[PDB]
Each structure stands twice: as C-alpha cells, then as structure tokens.
Amino acid sequence: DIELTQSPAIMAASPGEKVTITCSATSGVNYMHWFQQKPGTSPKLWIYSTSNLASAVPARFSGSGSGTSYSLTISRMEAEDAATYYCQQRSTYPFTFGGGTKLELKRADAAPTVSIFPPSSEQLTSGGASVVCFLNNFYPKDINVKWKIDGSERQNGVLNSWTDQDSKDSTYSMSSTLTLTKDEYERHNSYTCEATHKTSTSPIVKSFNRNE
Amino acid sequence: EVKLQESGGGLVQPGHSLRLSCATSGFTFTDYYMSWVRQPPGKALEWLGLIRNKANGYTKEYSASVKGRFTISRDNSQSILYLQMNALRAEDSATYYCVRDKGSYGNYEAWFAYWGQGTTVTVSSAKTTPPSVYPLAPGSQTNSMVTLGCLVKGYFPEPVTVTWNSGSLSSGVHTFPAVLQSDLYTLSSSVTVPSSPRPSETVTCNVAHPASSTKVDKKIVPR
Ligand SMILES: Cc1ncc(COP(=O)(O)O)c(CN[C@@H](C)C(=O)O)c1O
C-alpha cells in the first residue's frame, strides 16, 4: 500500500500565478504519474514517467520529484488548466491514486443571477407544491441563501445544491429548493429567495405572489 | 478511434453480486493490459486492479481493499473486460472506469491514457422509483435573459438524463447534482434562452431514468 498524499487539498489561483502540487508517498516510487479531471469527464493522462507531458498538455505544465516526494507545476496559471489533479505511482502493486487537489481558477467577481419559480400546475395538481430558485453564474462560490415566507425565512425542508466552476464561464451556481405540503403553501403568499455574496452589500432576492 | 464502453452499472442490494462490463474497439485487446478504477461521488480515484495480456498469461492483480471479493476477467472472443463484484457494500457505490493499461509495445506515452465514461453503481436494497418532472416557469418575461427551469423530483437511483430540445439546447444549460434526502434524490435543470426561443420556438426538457426506465418531456409552458 504506497499511500499517496497530495497537498493542498484545494486551491484557487489567479491567471499567471505559479502552482506546485505533490503525490507524496509513504514509500519510494520510481515514477510519478498525473491526471487531470474536469467535471463530468473521465480523467485524462497529464504527466507520465514523472516528467513526460501527456497529449495536448501545455508546456507551462511540468512534472518532477523523487522517491517519496514528487511535484506537478503550472508555471503560470491559465483558465483552461483548472481541474482536479491526481498524482501517483505504478511502482509497487497495488497501484495507488493520490488524494487529489481541486484547482479552481481566479477570475472577475460576478453577481449571481437569481431566479424564483412558483409551484407549477401539474405538481400542485399532483398533490404537491415546492418552489425552486437558481442562483446562476457567480464568483466566488462562497454564497449563502435564505428563503422567506410572509416575513419569516426558512430553515426546514430546504435542500441546496451547488456545482463546481463552469468550464465555459468559470463561475458557480446554487439551487435551493423549498418544499412544502400542497395544503401548506396556501397558508402563505409571498415566498422570497435571498442571496448573500461579496458582489452585493445587500442580500439580492427574488419572489412572487401566490394567486388563484 | 480507441473506444471503451462500460455497462452493468445500476443499483445493487447490499452483500449481493454485481458484474461490470466494458466493450472495447480500435485496438488489439489481447495485446493490452486493462486496469479497473473507481470513483465515489465527490471523491478520489481508487485503483481496483488490472489483468495482463496474452503474453503475460492474463494474470489478475487486485487492490487489497477489494481482494477476495472482486475478480477481473475478459472474454477474448469479443474483446470485452469484466469486473465481478461480491459482498457489495454501500461504500462500493461509485462510478467504475475501465482503462487501457500497458501493452505489448512501448507506447507507454499511452498506457492509462484511454478511459471510458464510467458506469455508476449504487449499493442499497432501497426501492426504485422513477421521477416526477415539472416545469419551472417564472411569473412577472422581463430580463433580456429570461431563465426557465426543470425540477426533477422523486427518483431512484441515479443517474437521470436531462437535456433541452432533444439535445438542441446545449448552451446555457445548468443541470445540478442530485441531493440525497430520505433515501431519495432530486435535482433541477436551468436554461437561459432569450425571448426569441421562448416561449415562441417552444422549449422542451427531456428527462430520463435509465433504472426505472422513465423517459419524459416536460413542455415548458409559458406561465
Ligand atoms: C501501467 C503499468 N502497468 C504495468 C506495470 C507493471 O507490469 P508487470 O507487473 O506485469 O510487469 C507498470 C510498472 N510501472 C513502472 C514503469 C513505474 O510505474 O515506475 C505500469 O506503470
């Protein structure tokens, strides 16, 4: 079991900023190998045989190290380079994979695009009722949501769901869902989705007015 | 085009048996080793083991973590790779990748370069239920970029297919990762098209549940 540690676990760099990473092992290996993983995809070979760049890998990319300590460097950050990187060894069976580093890119802040939608007919006609609310395309990730109904926010039955940095815009989105009984929702009228970001001193919100 | 295709993935009762498949093409199977790797939702990659080539007796290596429980093999008749899974635990729930390992030559520039898309495996007795799909329609047309959504609630297990206008709407699509709640998953699908496409061109949200075999299109109604 040559167990491999990569550090750091996470990191957000700015374009042109320097980057070094390590699959660091409990025992000597002959070669360090590295992969890059980008959301929804299978890994791609990145550096092989410790230092030989893989197919379609930029020369700003290099790999190195020795025995128990190996490295992956990004000379100067580039937006395309963002992904999860996994080091490791095929020295001693069993082959083992590094703990990973999740490299995100630093870009221009962007106010999240908040949207709110009332319970459709069908669901409501299905006997249900729940109010969705996307918080599209923002940066950085760190953002808190807080529903509100008739003045009181909403803790219970609130399940949120982020994504990781989009490939096409380098931003983040969140999706809080407020679910409630068909019968319940009719006991309130104004449901408001509240967004907390560094792009806004105030909690940007959205909201509708229940009607029949 | 070197192609690798894993099937077999689905839900599996705990302690039960699951056989993972993986079709191959564009290379000479028997000449190439083939590992097996897996990744659990939101985590790190885990090497499960390979199987050598013809000139190396098709000898199987494994991971101690999975030794005695998993056997790797391959039908050399029609170049496929397998993975036998026994006494499966929730912690084997993941998505499994067949990868072309080293070969009878020196293209080690290759070796571990070609992966498949991976197949997802969910270890649980837990019951299978298709989803209910509903259109997230706004209220009070404004905003040059009007955003509509798809609420995919009440299905099991993962995954589900969601794309817009029979895949025509790839741009500005926002499908979220499911949330597990009460042994149940839910996600949404947001798209930001202009007024020109909608609600004029008509926008559809085609949802699918491979498991419960649930394919449905929600006509995003203007309201
Ligand atoms: C992909 C790969 N396959 C197989 C092996 C070994 O095969 P046998 O046990 O069947 O000979 C290695 C050793 N990797 C060396 C080159 C290293 O990782 O330094 C390897 O990287």
# chains A, B, ... in the order shown; residues from 1 in each chain; ligands from 1
>>> closest_atom_pairs(of="chain A", to="ligand 1", cutoff="7 Å", atoms="only C-alpha atoms and all ligand atoms", output="tab-separated table")
residue	atom	partner	partner_atom_place_in_ligand_line	distance
A:29	CA	ligand 1	19 (O)	6.6
A:30	CA	ligand 1	19 (O)	4.3
A:31	CA	ligand 1	19 (O)	4.3
A:49	CA	ligand 1	19 (O)	6.8
A:89	CA	ligand 1	18 (O)	5.4
A:90	CA	ligand 1	18 (O)	3.4
A:91	CA	ligand 1	18 (O)	4.0
>>> write_last_selection(atoms="N, CA and C atoms", output="mmCIF file, in the first residue's frame")
data_model
loop_
_atom_site.group_PDB
_atom_site.id
_atom_site.type_symbol
_atom_site.label_atom_id
_atom_site.label_comp_id
_atom_site.auth_asym_id
_atom_site.auth_seq_id
_atom_site.Cartn_x
_atom_site.Cartn_y
_atom_site.Cartn_z
ATOM 1 N N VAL A 29 8.875 5.680 -4.870
ATOM 2 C CA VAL A 29 8.387 5.157 -6.153
ATOM 3 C C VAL A 29 9.426 5.459 -7.221
ATOM 4 N N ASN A 30 9.325 4.839 -8.385
ATOM 5 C CA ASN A 30 10.279 5.036 -9.461
ATOM 6 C C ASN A 30 9.877 6.209 -10.354
ATOM 7 N N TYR A 31 8.569 6.377 -10.476
ATOM 8 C CA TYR A 31 7.909 7.325 -11.339
ATOM 9 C C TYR A 31 6.679 7.946 -10.698
ATOM 10 N N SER A 49 5.603 9.156 -16.438
ATOM 11 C CA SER A 49 7.003 8.852 -16.166
ATOM 12 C C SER A 49 7.669 10.024 -15.459
ATOM 13 N N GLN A 89 1.667 6.604 -8.600
ATOM 14 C CA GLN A 89 2.592 5.515 -8.686
ATOM 15 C C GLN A 89 2.056 4.202 -9.254
ATOM 16 N N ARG A 90 2.847 3.605 -10.132
ATOM 17 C CA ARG A 90 2.713 2.255 -10.650
ATOM 18 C C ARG A 90 4.004 1.461 -10.397
ATOM 19 N N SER A 91 4.723 1.888 -9.372
ATOM 20 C CA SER A 91 5.971 1.328 -8.902
ATOM 21 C C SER A 91 5.785 -0.054 -8.278
#
>>> interface_residues(of="chain A", to="chain B", cutoff="6 Å", atoms="only C-alpha atoms", output="number ranges by chain")
A: 42, 45, 94, 96-97, 99, 117
>>> residues_around(residues="residue 164 (chain B)", least_positions_apart="3", cutoff="8 Å", atoms="only C-alpha atoms", output="PyMOL selection string")
chain B and resi 167-170+173+203-206
>>> write_last_selection(atoms="N, CA and C atoms", output="PDB file, in the first residue's frame")
ATOM      1  N   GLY B 167     -31.714  17.683 -27.016  1.00  0.00           N
ATOM      2  CA  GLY B 167     -30.293  17.956 -27.006  1.00  0.00           C
ATOM      3  C   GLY B 167     -29.906  19.176 -27.815  1.00  0.00           C
ATOM      4  N   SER B 168     -30.881  19.840 -28.430  1.00  0.00           N
ATOM      5  CA  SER B 168     -30.579  21.005 -29.256  1.00  0.00           C
ATOM      6  C   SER B 168     -30.071  22.168 -28.412  1.00  0.00           C
ATOM      7  N   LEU B 169     -30.609  22.287 -27.201  1.00  0.00           N
ATOM      8  CA  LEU B 169     -30.202  23.362 -26.300  1.00  0.00           C
ATOM      9  C   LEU B 169     -29.064  22.919 -25.387  1.00  0.00           C
ATOM     10  N   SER B 170     -27.829  23.022 -25.874  1.00  0.00           N
ATOM     11  CA  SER B 170     -26.675  22.661 -25.055  1.00  0.00           C
ATOM     12  C   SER B 170     -26.143  23.882 -24.306  1.00  0.00           C
ATOM     13  N   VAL B 173     -27.098  25.628 -20.399  1.00  0.00           N
ATOM     14  CA  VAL B 173     -27.801  24.636 -19.596  1.00  0.00           C
ATOM     15  C   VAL B 173     -27.118  24.480 -18.235  1.00  0.00           C
ATOM     16  N   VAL B 203     -39.670  25.286 -25.876  1.00  0.00           N
ATOM     17  CA  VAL B 203     -38.529  24.700 -25.188  1.00  0.00           C
ATOM     18  C   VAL B 203     -38.907  23.435 -24.432  1.00  0.00           C
ATOM     19  N   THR B 204     -38.254  22.323 -24.771  1.00  0.00           N
ATOM     20  CA  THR B 204     -38.572  21.078 -24.071  1.00  0.00           C
ATOM     21  C   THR B 204     -37.397  20.594 -23.219  1.00  0.00           C
ATOM     22  N   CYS B 205     -37.756  19.920 -22.138  1.00  0.00           N
ATOM     23  CA  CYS B 205     -36.867  19.337 -21.143  1.00  0.00           C
ATOM     24  C   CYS B 205     -37.025  17.822 -21.105  1.00  0.00           C
ATOM     25  N   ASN B 206     -36.153  17.100 -21.805  1.00  0.00           N
ATOM     26  CA  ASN B 206     -36.290  15.650 -21.886  1.00  0.00           C
ATOM     27  C   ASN B 206     -35.517  14.948 -20.774  1.00  0.00           C
TER      28      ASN B 206
END
>>> residues_around(residues="residue 157 (chain B)", least_positions_apart="6", cutoff="9 Å", atoms="only C-alpha atoms", output="JSON, numbers by chain")
{"B": [10, 11, 122, 126, 127, 128, 129, 130, 184, 185, 209, 210, 211, 212]}
>>> select_by_dssp(residues="region 27-212 of chain B", states="helix (DSSP H, G or I)", output="NGL selection string")
:B and (29-31 or 54-56 or 64-66 or 90-92 or 197-201)
>>> residues_around(residues="residue 8 (chain B)", least_positions_apart="4", cutoff="8 Å", atoms="only C-alpha atoms", output="ChimeraX atom specification")
/B:18-21,119
>>> write_last_selection(atoms="C-alpha atoms", output="CSV table (one decimal), in the first residue's frame")
chain,number,residue,atom,x,y,z
B,18,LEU,CA,-22.7,-7.1,-9.5
B,19,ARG,CA,-21.0,-7.8,-12.8
B,20,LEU,CA,-19.5,-4.7,-14.5
B,21,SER,CA,-18.9,-4.8,-18.3
B,119,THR,CA,-20.6,3.4,-15.1
>>> residues_around(residues="residue 116 (chain A)", least_positions_apart="3", cutoff="8 Å", atoms="only C-alpha atoms", output="MDAnalysis selection string")
(chainID A and resid 131:134 192:193 206:208) or (chainID B and resid 138)
>>> residues_around(residues="residue 170 (chain A)", least_positions_apart="6", cutoff="8 Å", atoms="only C-alpha atoms", output="ChimeraX atom specification")
/A:79,105,107
>>> closest_residue(among="B:54, B:155, B:42, B:12", to="residue 90 (chain B)", atoms="only C-alpha atoms")
B:12
>>> atom_distance(atom1="CA of residue 33 (chain A)", atom2="CA of residue 51 (chain B)")
19.8 Å
>>> closest_residue(among="A:87, A:59, A:82, A:149", to="residue 168 (chain A)", atoms="only C-alpha atoms")
A:82
>>> select_by_dssp(residues="region 10-169 of chain A", states="strand (DSSP E)", output="ChimeraX atom specification")
/A:10-13,19-25,33-37,44-48,52-53,61-66,69-74,83-88,101-105,113-114,130-131,134-138,144-149,152-154,158-159
>>> atom_distance(atom1="CA of residue 196 (chain A)", atom2="CA of residue 16 (chain A)")
29.3 Å
>>> decode(residues="region 57-111 of chain B", atoms="C-alpha atoms", output="short mmCIF file (atom, residue, chain, number, x, y, z; two decimals), in the first residue's frame")
data_model
loop_
_atom_site.label_atom_id
_atom_site.label_comp_id
_atom_site.auth_asym_id
_atom_site.auth_seq_id
_atom_site.Cartn_x
_atom_site.Cartn_y
_atom_site.Cartn_z
CA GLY B 57 -0.93 -15.08 -19.10
CA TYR B 58 -3.90 -12.79 -18.47
CA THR B 59 -2.85 -12.75 -14.81
CA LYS B 60 -5.05 -10.72 -12.50
CA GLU B 61 -3.88 -8.17 -9.94
CA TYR B 62 -6.22 -6.51 -7.43
CA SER B 63 -6.38 -3.98 -4.59
CA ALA B 64 -6.10 -5.30 -1.01
CA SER B 65 -9.16 -3.18 -0.23
CA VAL B 66 -11.07 -5.42 -2.62
CA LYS B 67 -9.01 -8.62 -2.53
CA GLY B 68 -11.00 -11.84 -2.23
CA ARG B 69 -14.25 -10.07 -3.16
CA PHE B 70 -13.64 -8.89 -6.73
CA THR B 71 -12.47 -10.93 -9.73
CA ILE B 72 -11.38 -9.32 -13.00
CA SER B 73 -11.62 -11.25 -16.29
CA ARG B 74 -12.21 -10.77 -20.02
CA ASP B 75 -13.88 -12.51 -22.96
CA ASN B 76 -11.08 -12.53 -25.53
CA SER B 77 -13.58 -13.60 -28.20
CA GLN B 78 -15.21 -10.18 -28.49
CA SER B 79 -12.62 -8.01 -26.72
CA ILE B 80 -14.55 -7.25 -23.54
CA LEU B 81 -13.37 -6.66 -19.96
CA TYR B 82 -15.35 -7.65 -16.83
CA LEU B 83 -15.44 -6.95 -13.09
CA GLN B 84 -17.09 -9.41 -10.70
CA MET B 85 -18.31 -7.77 -7.51
CA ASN B 86 -19.28 -9.75 -4.42
CA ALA B 87 -20.48 -8.91 -0.92
CA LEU B 88 -21.01 -5.36 -2.14
CA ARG B 89 -21.28 -2.55 0.42
CA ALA B 90 -22.67 0.99 0.15
CA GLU B 91 -19.02 2.06 0.12
CA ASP B 92 -18.68 0.33 -3.26
CA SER B 93 -21.33 2.68 -4.61
CA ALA B 94 -19.46 4.62 -7.26
CA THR B 95 -18.73 5.00 -10.93
CA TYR B 96 -16.35 2.48 -12.45
CA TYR B 97 -13.85 3.07 -15.22
CA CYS B 98 -12.15 0.58 -17.48
CA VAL B 99 -8.77 1.88 -18.59
CA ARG B 100 -6.38 0.57 -21.20
CA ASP B 101 -3.23 -0.28 -19.26
CA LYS B 102 0.28 -1.07 -20.58
CA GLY B 103 0.65 -3.05 -23.78
CA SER B 104 2.90 -5.49 -25.66
CA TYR B 105 4.84 -2.49 -27.01
CA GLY B 106 6.48 0.67 -25.77
CA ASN B 107 3.75 3.25 -26.28
CA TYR B 108 3.90 3.97 -22.53
CA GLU B 109 3.19 7.52 -23.61
CA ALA B 110 -0.11 5.68 -23.80
CA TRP B 111 -0.88 3.16 -21.04
#
